[PDB]
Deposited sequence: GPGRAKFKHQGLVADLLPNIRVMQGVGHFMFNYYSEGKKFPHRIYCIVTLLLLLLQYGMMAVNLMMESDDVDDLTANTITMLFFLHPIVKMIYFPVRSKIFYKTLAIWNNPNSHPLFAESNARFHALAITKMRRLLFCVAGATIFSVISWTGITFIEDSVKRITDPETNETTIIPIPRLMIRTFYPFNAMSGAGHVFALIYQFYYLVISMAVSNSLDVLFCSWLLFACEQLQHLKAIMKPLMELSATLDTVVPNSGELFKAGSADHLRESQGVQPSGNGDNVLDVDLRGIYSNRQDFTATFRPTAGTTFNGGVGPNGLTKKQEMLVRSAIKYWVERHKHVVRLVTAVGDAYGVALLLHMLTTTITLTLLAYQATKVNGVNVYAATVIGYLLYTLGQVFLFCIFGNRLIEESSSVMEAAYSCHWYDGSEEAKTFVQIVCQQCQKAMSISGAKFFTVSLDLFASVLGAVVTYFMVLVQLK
């Protein structure tokens, strides 16, 4: 019913995730699971049918090299929301571990006045992100429908080019197919982007949790200043005990969200690299502003956009985590107590190796990663231009 913590913070982000069809069966009533567990199986069956009918487009239209690569991208495009659809139930218990990692937070009595200032500050931006991302997908849902109706070639007028046992270019009952594909395209581009935001709202939680843990440092250090009674040294030790055990706890979250989502982040990034080395071939044969250009750009602005969504709040984690060392400096430690000065020396030794999300331990999700991926495309592109 009620939720003991971080689950009560991502309540819009979880209902969408369960509503779109991720096999997320633990944050509502047990007297709703069995009608919902059947819903999740049939959506994946509706996913795997339509995605299965793209291969018979792809395999039968294998004689054209351009229609090979065109259908290759579209099948690799929708290869993300299949893997994330299946990554969630397979790597499942660690997801519930991360969502339940916050259900006993640390708290300090008179100085939680900055806890709730940044607690609800997270919940806005965690809900603000979901309203930005999933709304942009619904925009990109419309942005593939509107391009469908403004071009023809003879081809069947379809949202996604795929074979059917019935007809579409001659059967006028293909309005069933378009509403099927519109449902497919709105469920795929949400069920991928639902799970990505769940990762990307976790890091937004810990970033503002660190941003909380920045601003304690100046009122913490004024406690140890002045020749101190024992009630101060009891209070400043209980102030440190809050601060470190909060900071231990954020590390406990971020090493878990790198453990939960970390392997799927690789499979996401491994897919886009195969995707972008085909977009760059499609980006060669753009002879002008056409319907075709809005399909090459229409993927590349979105397939970079999935990478850019990670690499912002992956960077914002690293930018925030190193910034604690700068913020531990900008307190008046030079007239703190000696137990407070030895506190800062340790903190700046461990806010110095920043918290990064290891993408299955190959790469950290920095924005320099996105600078590397974007640079790798243009390098492969402007080589492939001169090799054309």
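Missing C-alpha stretches, by deposited numbering? Those parts of the chain that were deposited but carry no coordinates are 1-6, 160-174, 248-316.
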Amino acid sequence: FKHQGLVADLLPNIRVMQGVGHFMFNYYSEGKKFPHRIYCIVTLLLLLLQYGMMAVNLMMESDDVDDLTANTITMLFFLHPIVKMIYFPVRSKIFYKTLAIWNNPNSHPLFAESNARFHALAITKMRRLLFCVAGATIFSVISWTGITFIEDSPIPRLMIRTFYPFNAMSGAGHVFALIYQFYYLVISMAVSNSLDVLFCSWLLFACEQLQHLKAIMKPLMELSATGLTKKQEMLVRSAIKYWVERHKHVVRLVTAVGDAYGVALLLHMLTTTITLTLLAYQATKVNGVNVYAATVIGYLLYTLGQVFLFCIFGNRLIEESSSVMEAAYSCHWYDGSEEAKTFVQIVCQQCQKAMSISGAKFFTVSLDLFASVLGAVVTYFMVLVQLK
From here on, numbers count along this sequence of modelled residues.
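Whichever C-alpha set is largest while still superposing within 1.5 Å between the two forms counts as the rigid core.
Do the Cα atoms of 84-92 or those of 108-116 sit farther, on average, from the shown form in 4 other deposited structures of this protein after fitting on the core? Relative to the shown form, the greater RMS C-alpha distance in 4 other deposited structures of this protein belongs to 108-116.
For a rigid core alignment of each structure in 4 other deposited structures of this protein onto the shown form, which stretch has the higher root mean square Cα deviation: 137-145 or 163-171? Clearly, after the core fit, the stretch farther away in 4 other deposited structures of this protein is 163-171.
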